Amino acid sequence: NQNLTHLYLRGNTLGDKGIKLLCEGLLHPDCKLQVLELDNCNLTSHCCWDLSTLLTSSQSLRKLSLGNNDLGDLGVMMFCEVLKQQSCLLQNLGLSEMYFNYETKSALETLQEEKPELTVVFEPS
Amino acid sequence: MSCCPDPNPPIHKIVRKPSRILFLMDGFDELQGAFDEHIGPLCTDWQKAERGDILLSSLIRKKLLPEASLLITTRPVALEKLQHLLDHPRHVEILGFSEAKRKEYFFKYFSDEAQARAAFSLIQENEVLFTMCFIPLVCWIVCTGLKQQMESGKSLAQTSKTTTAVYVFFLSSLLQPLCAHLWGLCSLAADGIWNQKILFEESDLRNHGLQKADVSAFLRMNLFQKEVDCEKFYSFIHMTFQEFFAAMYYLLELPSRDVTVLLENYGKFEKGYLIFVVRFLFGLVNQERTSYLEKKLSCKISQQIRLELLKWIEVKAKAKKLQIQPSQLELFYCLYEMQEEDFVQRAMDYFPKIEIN
């Protein structure tokens, strides 16, 4: 369905397996989804690989609102590193309601300054 | 410090989130050093470095990491200095073993019924020890003493009538086989009580005449412990023993060796209240003594100390205050240990009114 531009799944306990399966769909060349919202979805560290893949693979995705889930302190560092290679994501990257360490916050702040095309990342503070 | 081996754990993560965290402040009464319940700053902001008394007080008062849960264990005597910082606590009292549980302990401790039954009968026949075995520490000491008697196969007799007798008995069967270094160990304990130290460095042991060779003897013959949990801090296997040794120190033959001064500082947190130090001092100061370490105790000093102890009882028994050092029954415990009618009756004549619970 090429007309579907916004999908909100926050609150569903999709799990890591859930994200994996959704990504297979999202990585399809005809997918036009622009906004994917994933707040608490019972996520863990594993899904970061698939989310990272999503961030750099999809040419359609513009906003990925990962919210109150244990994304992982290292998982987000992968996002920081990959979202430098001409990513098409411009909007909210989520990562709200999530505790990060000093180095992580610094990396996210650095990303925000170096890539202004990314409106706002939205850390906890 | 109390976390996994990683020196830099996620302190700034969920570890900062209260209500999901419970602290276990084990041994409030063992906080060596003066503890002021009234302080200037209340050390808010956990990341700020401050003195240990303030840090603990701030946690206790729920100003540091508020909404977090806190469990405290303590000797009831130390409630005097703790109740001022609780506001709305739930107080739980720990009671010792019932007759049924005393029995289970013996059978679990000993390798089989062949010895557990003998141990149980040997103790049960002794009304006093059986009653004293209310306390896990006492039944442990008695069982350990029996285990040592079993190894030698001497008799397994258990005829002790007092707390002191149990502790003296324990050392007799442990050190007699050491005797030449007992003074050093006693000195160490006394120094620790007066200098607010439970955990000793090897340097402190050496400075009291105990260097490696004898120290190991105490580690083997379960009397003294090393703390090898990624540390090198030596201590007595239980605070009651440290107080016991300090008590003997005053009666042998370097804080002072002045019992009057010791007694003057009894009702104080700073010295750990010296409850067992005195309770044992009373039991040790007797004429009805025998051999095996006991004969190395100074008879001349005991006679000099006995007099001051009697004066101490008269002075304290006279008090009619509550939440005060020896509150009647405590003096009775002291007199119970000193099982000599001449002394006890003279001491008891200073109690025209007895109020006990």
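These protein sequences, in sequence, are chains A and C.
Position in the first sequence (first residue = 1) + 910 = PDB author numbering.
Numbered according to PDB author numbering, the second sequence spans residues 277 to 453, 462 to 537, 553 to 656.
Cβ atoms here follow ideal geometry from the backbone N, Cα and C, with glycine treated the same way.
With 8 Å set as the bound, which would you pick, yes or no: does the beta-carbon of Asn1011(A) sit closer than that to a beta-carbon of chain C? Here residue 1011(A) refers to the residue found at position 101 when the first sequence is read from its first residue. So, interface residue.
Alpha carbons only, please: which of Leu371(C), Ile370(C), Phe650(C), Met532(C) is nearest the one belonging to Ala474(C)? To locate residue 474(C), count along the second sequence from 1; it is residue 190. Selected option, being the one with the closest Cα: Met532(C).
Quick one: what's got a C-beta closer than 7 Å to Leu413(C)'s C-beta in the same chain, skipping five residues either side? Your numbering for residue 413(C) matches position 137 in the second sequence. Answer for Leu413(C): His522, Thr524, listed in chain order.
Please report the straight-line C-alpha distance between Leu483(C) and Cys415(C), rounded to a whole angstrom. Within the second sequence, numbered from 1, the residue matching residue 483(C) stands at position 199. Within the second sequence, numbered from 1, the residue matching residue 415(C) stands at position 139. So the alpha carbons of these two residues sit roughly 25 Å apart.
Report the rounded CA-to-CA distance for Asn922(A) versus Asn952(A), giving the unit in angstroms. Start at 1 with the first residue of the first sequence, and residue 922(A) comes out as number 12. Start at 1 with the first residue of the first sequence, and residue 952(A) comes out as number 42. Taking the straight line from one Cα to the other gives about 8 Å.
Counting contacts by CB-CB distance shorter than 8 Å, is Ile482(C) in contact with chain A? For the purposes of this step, residue 482(C) is identified with residue 198 of the second sequence, where counting begins at 1. Answer no: the Cβ-Cβ gap between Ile482(C) and chain A never drops below 8 Å.
In whole angstroms, give me the CA-to-CA distance for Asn1002(A) and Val1031(A). In the first sequence, counting from the first residue as 1, residue 1002(A) sits at position 92. In the first sequence, counting from the first residue as 1, residue 1031(A) sits at position 121. Spanning the two alpha carbons is a distance of roughly 5 Å.
With a cut-off of 8 Å on the beta carbons, I'd call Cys990(A) and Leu1018(A) a contact; round off their distance for me. Against the first sequence, residue 990(A) aligns to sequence position 80. Against the first sequence, residue 1018(A) aligns to sequence position 108. That pair is a contact at about 6 Å.
Say whether chain A places a C-beta atom closer than 8 Å to the C-beta of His367(C). Stepping through the second sequence from its first residue, residue 367(C) is reached at position 91. Judged by the 8 Å Cβ criterion, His367(C) is not in contact with chain A.
Given 8 Å as the limit, is there contact between the region 561–571 of chain C and the region 438–448 of chain C, that is, 3 or more CB pairs closer than that? no
For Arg393(C), count neighbouring Cβ atoms within 10 angstroms of its own Cβ and tell me buried if that reaches 16, exposed if not. One-based indexing of the second sequence puts residue 393(C) at position 117. The residue in question, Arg393(C), is exposed, as its Cβ has fewer than 16 Cβ neighbours within 10 Å.
Measuring only between beta-carbons, confirm whether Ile655(C) sits less than 8 Å from chain A. If you number the second sequence from 1, residue 655(C) lands on position 356. Cβ-Cβ to chain A under 8 Å: no for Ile655(C).
What three-state label does DSSP hand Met277(C) in the structure shown? As a working note, residue 277(C) is residue 1 in the second sequence. Correct three-state label for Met277(C): coil.
Name, please, each residue of chain A whose Cβ falls closer than 9 Å to the Cβ of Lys324(C). Counting from 1 along the second sequence, the entry for residue 324(C) is found at position 48. Within chain A, no residue comes near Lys324(C); the closest Cβ sits about 17 Å away, beyond 9 Å.
Under 8 Å between the Cβ atoms of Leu562(C) and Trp478(C)? Taking the first residue of the second sequence as position 1, residue 562(C) is located at position 263. Taking the first residue of the second sequence as position 1, residue 478(C) is located at position 194. Not in contact: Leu562(C) and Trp478(C) (Cβ atoms no closer than 8 Å).
What number of angstroms, rounded off, separates the C-alpha of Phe520(C) from the C-alpha of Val576(C)? Working through the second sequence from its first residue, we reach residue 520(C) at position 236. Working through the second sequence from its first residue, we reach residue 576(C) at position 277. Approximately 14 Å between the Cα atoms of the pair.
Can you have a look at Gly421(C) and say buried or exposed, based on whether 16 or more other CB atoms are within 10 angstroms of its CB? Walking along the second sequence from the start, residue 421(C) turns up at place 145. Buried, by the Cβ-count rule.
To the nearest angstrom, how far is it from the Cα of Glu356(C) to the Cα of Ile655(C)? In the second sequence, the residue the question calls residue 356(C) occupies position 80. In the second sequence, the residue the question calls residue 655(C) occupies position 356. Going from the Cα of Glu356(C) to the Cα of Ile655(C) covers about 19 Å.
Touch test, the region 325–338 of chain C against the region 588–599 of chain C, Cβ-Cβ under 8 Å, three pairs minimum: no
Mapping the DSSP letters down to three states, classify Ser500(C) as helix, strand or coil. Translated into the one-based positions of the second sequence, residue 500(C) becomes position 216. Helix at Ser500(C).
Can you give me the Cβ contacts of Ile417(C) inside the same chain, cut-off strictly under 8 Å, excluding the 5 residues immediately before and after it? Position 141 of the second sequence, counted from the start, is the residue given in the question as residue 417(C). Closer than 8 Å at Cβ, skipping near neighbours: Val442, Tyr443, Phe446.
Close-in-space but distant-in-sequence residues of the same chain around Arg920(A) (CB under 7 Å, 5 per side omitted): Along the first sequence, one-based indexing puts residue 920(A) at 10. For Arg920(A), where only same-chain residues beyond five positions count, the Cβ hits under 7 Å are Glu947, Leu948, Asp949, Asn950, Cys951, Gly977.
Can you tell which of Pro1026(A), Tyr1009(A), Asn1011(A), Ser1035(A) has the C-alpha that lies nearest to the C-alpha of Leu999(A)? Within the first sequence, numbered from 1, the residue matching residue 999(A) stands at position 89. Here the closest residue by C-alpha is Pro1026(A).
Residue of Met408(C), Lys615(C), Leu462(C) minimising C-alpha distance to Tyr635(C): Taking the first residue of the second sequence as position 1, residue 635(C) is located at position 336. Ranking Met408(C), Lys615(C), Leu462(C) by Cα distance to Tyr635(C) puts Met408(C) first.
Who are the near neighbours of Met988(A) in its chain, counting only those whose CB is closer than 8 Å to its CB and skipping five residues on each side? Looking up residue 988(A) in the first sequence gives position 78. Within the same chain, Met988(A) has close Cβ partners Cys958, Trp959, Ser962.
Could you tell me if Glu527(C) is buried or exposed, where buried requires 16 or more neighbouring beta carbons within 10 angstroms of its beta carbon? Counted from its first residue, the second sequence places residue 527(C) at position 243. Classification for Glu527(C): buried.
Can you find a CB in chain A that lies within less than 8 Å of the CB of residue 549(C)? Inspection of chain C shows residue 537 followed directly by residue 553; residue 549(C) is thus not represented.
In the structure shown, what three-state DSSP assignment does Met505(C) receive? Along the second sequence, one-based indexing puts residue 505(C) at 221. If DSSP states are grouped into helix, strand and coil, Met505(C) belongs with coil.
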